[PDB]
Amino acid sequence: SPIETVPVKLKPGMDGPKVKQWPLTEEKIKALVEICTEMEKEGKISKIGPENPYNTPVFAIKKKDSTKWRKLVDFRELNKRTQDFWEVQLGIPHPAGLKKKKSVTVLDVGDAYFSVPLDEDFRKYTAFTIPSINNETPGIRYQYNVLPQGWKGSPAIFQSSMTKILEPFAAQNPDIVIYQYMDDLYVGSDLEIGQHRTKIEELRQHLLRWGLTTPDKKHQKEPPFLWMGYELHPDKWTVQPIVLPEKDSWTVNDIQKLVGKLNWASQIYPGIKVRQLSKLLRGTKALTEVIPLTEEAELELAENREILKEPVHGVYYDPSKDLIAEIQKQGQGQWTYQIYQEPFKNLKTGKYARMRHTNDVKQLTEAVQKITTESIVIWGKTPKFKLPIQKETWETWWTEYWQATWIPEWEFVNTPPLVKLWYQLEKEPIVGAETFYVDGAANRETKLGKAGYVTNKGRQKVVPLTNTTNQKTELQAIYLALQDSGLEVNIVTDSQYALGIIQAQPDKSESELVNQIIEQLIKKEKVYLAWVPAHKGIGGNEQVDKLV
Amino acid sequence: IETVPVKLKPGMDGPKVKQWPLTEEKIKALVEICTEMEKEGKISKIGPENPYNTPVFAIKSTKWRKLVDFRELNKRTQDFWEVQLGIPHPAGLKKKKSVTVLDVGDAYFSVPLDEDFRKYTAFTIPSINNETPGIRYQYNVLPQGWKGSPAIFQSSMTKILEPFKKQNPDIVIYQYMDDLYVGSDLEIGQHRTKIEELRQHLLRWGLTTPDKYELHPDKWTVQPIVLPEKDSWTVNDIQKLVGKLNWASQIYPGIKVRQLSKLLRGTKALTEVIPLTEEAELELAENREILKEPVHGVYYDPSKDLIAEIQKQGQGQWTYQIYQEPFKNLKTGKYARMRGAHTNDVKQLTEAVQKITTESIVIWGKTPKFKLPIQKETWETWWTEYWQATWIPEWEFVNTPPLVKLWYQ
Ligand SMILES: N#Cc1ccc2c(Oc3ccc(F)cc3OCCn3ccc(=O)[nH]c3=O)cc(F)cc2c1
Ligand SMILES: [Mg+2]
């Protein structure tokens with residue numbers, strides 16, 4: 001090949017791989033010779049002298065039980081010693097970000113790696129040896145002239161080689177769009193079908209001039225294109241058919257696969273939920289352990305089965321039209337969103353869920369962040385948001401919130417459920433309201449505890465608790481004060497834990513106690529929570545500590 | 001001239017950081033800028049045999065400016081290039097009355113970079129939706145943002161500055177990265193004319209400064225803690241007071257709250273007005289007096305990194321503390337900003353971070369690691385919008401909210 005080679009080094013302080021060549025059966029050696037003679041005939045490999053001190057294992061494997069064999073070289077020992085390269089493409093283009101082209105062609109190049117030469121000085125490190133029968137004769141020495149399959153450098157080097165090869169044609173054809181990906185090229189254009197096919201054949205001839213084969217017949221792939229779990233159709237994109245298995249028993253592996261398929265499907269099928277099914281996966285135990293399906297998980301899975309009944313599709317992107325993203329709440333801390341330019345067509349869909357006390361507004365903002373990141377990645381811009389929240393609500397939240405938040409352009413969309421502030425603590429103490437000095441305490445060993453309160457009106461109470469912690473008693477005290485007070489109450493605690501949890505103003509939690517506390521807070525008119533140093537004998541707090 | 005050889009720390013490989021996704025606008029700006037820089041020889045395109053990577057961003061003016069995040073490369077080079085070619089830091093810069101910051105980055109672009117080091121300056125212009133692998137460059141000359149650049153240009157800078165220095169022996173000049181900090185005690189007018197004299201001097205010696213920023217570090221001090229002053233006091237007020245004083249006892253030993261604690265002996269309502277006694281008022285007086293004085297035994301440690309904590313106070317105000325060990329504040333302060341139908345939280349936070357970082361540079365000659373009150377991804381998304389600096393401090397994102405919010409107000 002006239003292609004310019006890329007200079008490759010071994011890792012500093014390392015030498016070429018000197019690895020044993022273990023004997024093979026007669027047929028394997030025969031097939032190896034049969035293949036290597038033809039590879040040598042095409043200049044892909046070359047026999048070498050006894051001077052080469054390195055070596056690399058070689059195996060022979062049948063192909064799908066067929067006539068032609070296949071040569072397999074384990075370069076894992078050489079790969080350790082070769083330098084690092086530019087990291088190859090991590091992610092892939094998302095169909096929602098593609099733009100409609102009147103024509104799209106798939107061109108797969110064969111012998112992609114063997115069609116690109118290897119740096120000369122590095123070729124000696126890829127040396128391997130074909131063994132002889134019973135070691136009665138010297139082995140046949142060989143080395144690669146081109147990019148070996150399974151070598152560390154082959155993908156990146158082939159990538160840059162392809163890019164450099166495409167540069168001229170790309171220059172002489174600015175109105176056509178070529179996408180590169182592994183062994184494939186994807187060429188789109190708005191040219192008329194005849195002109196487009198002409199340009200395609202032109203490209204094919206160019207690539208062939210650079211030694212790269214490409215389908216000669218009417219191109220092997222036609223729409224729809226089954227690509228990376230996607231179905232790419234001329235005017236729409238969707239996912240490949242999802243199959244949800246029917247089983248009486250479910251292991252960790254099966255649930256993981258299921259959550260996989262559901263997540264994968266969630267990018268275009270609106271409403272998919274995975275919280276309850278992945279909540280089964282909290283157990284980090286063995287992958288073969290059979291996990292019993294809960295009722296909530298069963299209901300969830302059933303609802304997903306209902307959603308996946310009829311197929312749904314996504315459209316392609318139009319730069320000339322606005323980019324809109326709308327968010328809806330699903331109730332269980334789950335959120336779903338649609339990204340679209342048109343009313344009945346989604347560009348794509350998605351979900352957000354908060355893992356590891358929180359409130360709706362904060363979660364909403366987090367979702368907005370996720371969608372913003374995704375939008376930037378896919379289309380290179382940020383979407384206009386449609387959100388179920390009042391301006392006064394969100395402003396009230398972000399003003400008094402301890403973290404700094406970025407609130408983008410958004411308009412109110414009145415679609416229940418709505419995000420609102422269910423309750424709000426008083427900023428100043430309440431005149432004409434009873435003052436509950438509360439406290440709670442437990443034993444780290446016996447797990448026996450007690451929570452109580454003392455009020456300025458002379459009212460006192462102590463409630464015993466079993467199987468608890470200091471924290472849970474510290475919350476239980478506040479809960480008690482809330483239970484035994486009027487619509488307006490001044491609570492005073494020494495616990496900065498409890499104060500912290502409550503001042504965050506959550507509307508949901510994975511703790512039933514906190515949920516009850518939240519219920520009480522919603523049911524109240526005014527609630528002022530104050531804090532004082534424990535064991536400082538301030539008074540008011542001392543009697544409650546003495547009690548419990 | 002022949003290039004200054006640049007070596008890494010033994011055992012350390014080059015930087016391999018991910019490139020952040022960018023808006024189409026910013027990507028186009030970077031493509032433009034890098035096309036021009038490639039045209040001028042400053043950078044060249046590289047192959048797949050270059051594994052290293054350094055993030056790039058686009059900031060601002062009405063003209064897009066490119067900003068390289070060389071933090072990683074700095075930790076992998078300058079840590080041995082603050083030793084070898086290190087730049088000393090004057091302790092008299094903070095004592096001057098007026099300090100102006102000049103941009104002298106454009107100098108570095110004249111000087112070539114060590115051939116064997118260029119591969120570590122690799123950066124990637126990203127593509128939208130992973131369409132193309134990305135445009136890969138490396139620097140051929142001294143890059144802005146790299147701490148090795150002003151270290152290599154150090155001698156040249158000294159040589160150019162020497163005449164002006166001789167004509168102005170009372171002016172302090174300290175170079176941090178791409179910036180020249182010029183401090184004097186002169187009158188504001190005389191100061192600005194002097195800065196302009198330095199501008200013309202530098203310009204007629206071949207150094208352009210795109211200024212065609214004023215600080216006052218003589219007023220900078222560790223702010224004293226303020227106790228609430230009220231005519232009458234309620235139970236709640238005395239509770240907040242005793243609490244705050246008890247918190248302050250972590251810093252000032254000698255704080256007593258017994259006389260104030262006995263004042264709320266009975267279990268009373270939070271809105272009940274309580275008169276102050278003799279022992280109580282005397283205790284408050286003694287506590288205020290001991291609180292007015294600065295802390296004893298607080299010194300800067302050159303072997304320890306600086307830590308900056310910021311907390312949001314609302315109403316367009318932020319408060320910050322700079323320390324090295326807990327409750328040993330080297331420098332506190334409060335950054336406030338006029339809204340004027342302009343500012344939001346992230347803008348204020350960013351400007352705050354820049355102000356704090358500049359103060360930190362002026363005082364100690366290095367930057368603090370911030371604990372920022374903001375969601376990580378939000379910051380990583382929008383921090384480049386109001387960033388006017390050329391350096392980038394280290395940062396991490398605080399998890400739990402502070403209950404100590406009103407204690408710094
Ligand atoms: N196998 C495979 C395969 C085939 C086409 C692809 C593609 O295609 C495109 C290639 C270049 C371009 F400019 C625009 C494309 O897609 C715009 C959307 N679209 C898509 C398919 C179609 O039949 N019609 C159509 O309008 C873009 C892409 F990332 C990956 C592709 C992978
Ligand atoms: Mg107590």
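Restricting the search to segment B:371-386, which residues are surrounded by fewer than 18 Cβ atoms within 10 Å (Cβ to Cβ) and either within 10 Å of chain A (Cβ to nearest Cβ) or hydroxyl-bearing (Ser, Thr, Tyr) (or both)? Before the answer, list the steps.
Filtering segment B:371-386 for residues surrounded by fewer than 18 Cβ atoms within 10 Å (Cβ to Cβ) gives B:371, B:376-377, B:380, B:385.
The answer is B:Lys376, B:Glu377, B:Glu380, B:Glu385.
Which numbered condition trips up A:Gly540, out of (1) more than 16 Å from ligand 2 (Cβ to nearest atom); (2) small (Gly, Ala, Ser); (3) within 11 Å of chain B (Cβ to nearest Cβ); (4) within 18 Å of B:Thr271 (Cβ to Cβ)?
The number of the failed condition is (1).
Which one is farthest from B:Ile374 (Cα to Cα) among residues in segment B:313-347 that are within 14 Å of chain A (Cβ to nearest Cβ) and touching a strand residue (DSSP E or B) at 6+ places or on another chain (Cβ under 6 Å)?
B:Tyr335
Quick check, is B:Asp103 under 19 Å from the mean Cα position of the chain (by Cα) and over 18 Å from B:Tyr213 (Cα atoms)?
no
What residue, of A:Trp210, A:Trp151, A:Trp227, is under 30 Å from A:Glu300 (Cβ atoms) and not charged (D, E, K, R)?
None of the other options fit; the residue is A:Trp227.
Can you pull out the residues in segment B:387-409 that are assigned to a loop (DSSP other than H, G, I, E, B) and within 11 Å of chain A (Cβ to nearest Cβ)?
B:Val398, B:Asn399, B:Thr400, B:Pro401, B:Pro402, B:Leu403, B:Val404
Scan segment A:429-455 residue by residue and report those that are assigned to a loop (DSSP other than H, G, I, E, B), within 14 Å of chain B (Cβ to nearest Cβ) and out of contact with any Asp or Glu (no Cβ under 7 Å at 6 or more places or on another chain). Explain how you work it out, then say what you get.
From segment A:429-455, those assigned to a loop (DSSP other than H, G, I, E, B) are A:429-433, A:443-447; that's our starting set.
Keeping just the survivors that are within 14 Å of chain B (Cβ to nearest Cβ) gives A:429-433.
Within segment A:429-455, A:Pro429, A:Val431, A:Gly432 meet the criteria.
Does at least one position in segment B:270-277 carry a residue that is over 30 Å from A:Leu547 (Cβ atoms) and among the charged types (D, E, K, R)?
No, because not a single residue in segment B:270-277 is over 30 Å from A:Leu547 (Cβ atoms) and among the charged types (D, E, K, R).
If we only count helices (runs of 4 or more DSSP H) wholly inside segment A:459-548, which ones have 1 or more residues that are away from ligand 1 (no atom under 16 Å from the Cβ) and over 47 Å from the mean Cα position of the chain (by Cα)?
Hits in segment A:459-548: A:542-547.
Run B:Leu202 past the list (1) surrounded by 13 or more Cβ atoms within 10 Å (Cβ to Cβ); (2) closer than 30 Å to B:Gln321 by Cα and report the number of the one that doesn't hold.
Unmet condition: (2).
Can you tell me which residue within segment A:86-127, out of those that are farther than 20 Å from A:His313 by Cβ and basic (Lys, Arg), is farthest from ligand 1 (Cβ to nearest atom)?
Here the residue is A:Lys124.
Exactly one of these conditions fails for A:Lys247: (1) more than 14 Å from every other protein chain (Cβ to nearest Cβ); (2) surrounded by 15 or more Cβ atoms within 10 Å (Cβ to Cβ); (3) more than 16 Å from ligand 1 (Cβ to nearest atom). Give me its number.
Going through the list (1) more than 14 Å from every other protein chain (Cβ to nearest Cβ); (2) surrounded by 15 or more Cβ atoms within 10 Å (Cβ to Cβ); (3) more than 16 Å from ligand 1 (Cβ to nearest atom), A:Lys247 breaks only (2).
Taking the stated definitions as given, is B:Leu67 over 20 Å from B:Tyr139 (Cα atoms), within 25 Å of the chain's Cα centre (by Cα) and surrounded by 18 or more Cβ atoms within 10 Å (Cβ to Cβ)?
Against the criterion (over 20 Å from B:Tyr139 (Cα atoms), within 25 Å of the chain's Cα centre (by Cα) and surrounded by 18 or more Cβ atoms within 10 Å (Cβ to Cβ)), B:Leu67 does not qualify.
Buried (at least 17 other Cβ atoms within 10 Å of the Cβ), away from chain B (no Cβ under 14 Å), among the basic types (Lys, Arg) and assigned to a helix (DSSP H, G or I): is that true of A:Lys28 in this structure?
yes
What's the number of the condition B:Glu272 fails, among (1) within 13 Å of chain A (Cβ to nearest Cβ); (2) crowded, with 18+ Cβ neighbours inside 10 Å?
(2)
Given segment A:345-426, what strands (runs of 3 or more DSSP E) lie entirely inside it while holding 1 or more residues that are of a type in the set (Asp, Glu) and either within 12 Å of chain B (Cβ to nearest Cβ) or over 27 Å from A:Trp264 (Cα atoms) (or both)?
Hits in segment A:345-426: A:410-412.
Are any residues in segment B:253-262 surrounded by 17 or more Cβ atoms within 10 Å (Cβ to Cβ) and more than 8 Å from chain A (Cβ to nearest Cβ), and if so, which ones?
If the condition is that a residue be surrounded by 17 or more Cβ atoms within 10 Å (Cβ to Cβ) and more than 8 Å from chain A (Cβ to nearest Cβ), then B:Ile255, B:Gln259, B:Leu260 are the ones that fit.
Restricting the search to segment B:43-54, which residues are away from every other protein chain (no Cβ under 14 Å) and either under 21 Å from the mean Cα position of the chain (by Cα) or crowded, with 19+ Cβ neighbours inside 10 Å (or both)?
Scanning segment B:43-54 gives a single hit, B:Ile43.
Testing B:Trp247 on (1) of a type outside the set (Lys, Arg); (2) surrounded by fewer than 17 Cβ atoms within 10 Å (Cβ to Cβ); (3) under 30 Å from B:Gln144 (Cα atoms), one condition comes back false. Which one is that?
Of the numbered conditions (1) of a type outside the set (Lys, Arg); (2) surrounded by fewer than 17 Cβ atoms within 10 Å (Cβ to Cβ); (3) under 30 Å from B:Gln144 (Cα atoms), the odd one out for B:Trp247 is (3).
How many residues does segment A:282-325 contain that are closer than 13 Å to A:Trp250 by Cβ and surrounded by 15 or more Cβ atoms within 10 Å (Cβ to Cβ)? Walk me through it before giving the result.
From segment A:282-325, those closer than 13 Å to A:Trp250 by Cβ are A:283, A:287-294, A:297-298, A:301; that's our starting set.
Retained after the next criterion (residues that are surrounded by 15 or more Cβ atoms within 10 Å (Cβ to Cβ)): A:291, A:293, A:297, A:301.
Qualifying residue count, segment A:282-325: 4.
If I go through segment A:41-100 residue by residue, how many of them are among the β-branched types (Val, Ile, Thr) and within 14 Å of another protein chain (Cβ to nearest Cβ)?
3
The numbers here are math on the coordinates, done by the rules we state, and not lab data. Note: ideal-geometry Cβ built from the backbone for every residue, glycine included; neighbour counts use all protein chains shown.
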